[PDB]
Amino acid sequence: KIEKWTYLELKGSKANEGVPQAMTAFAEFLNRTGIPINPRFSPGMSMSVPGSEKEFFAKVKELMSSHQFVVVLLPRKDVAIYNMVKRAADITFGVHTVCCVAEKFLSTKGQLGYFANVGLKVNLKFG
């Protein structure tokens, strides 16, 4: 059972709406599909994309070292931001991160299908 988790939101041009609410929906989804997780998350973090990996690691370091699981929302399917996230996760102990595109994670049509795909990655990390 994932007990301590939160989310990290990497800002794009447009502001994301309904994030906390979708995170709750996501946790419910995970529980229904056989991945036990506390239905409640600790308050999430939102930040613009920093200029360097060092700057990024400094910012998210406490977040990632104090949680078992972090759901990360990226503004676009940009593999460079994705890599920045994976580098920090690579040197952090006791945490798993999963990266998602914000629009897909939030948009009503196709949300459940997307949740299901993201759940594949989550399952592999814990199951």
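The numbering used is simple: start at 1 and walk along the sequence shown.
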Compare the mean C-alpha B-factor of 8-16 with that of 101-109 as given in the PDB entry, and name the stretch with the higher value.
8-16
Mean CA B-factor: is it higher for 18-26 or for 115-123?
115-123
In terms of recorded Cα temperature factor, pick the maximum from 79, 73, 70, 85.
79
Can you tell me whether residue 51 has a C-alpha B-factor in the lowest, middle or highest third compared with the other modelled residues of the same chain?
highest
Lowest, middle or highest third of the chain for the C-alpha temperature factor of residue 39?
lowest
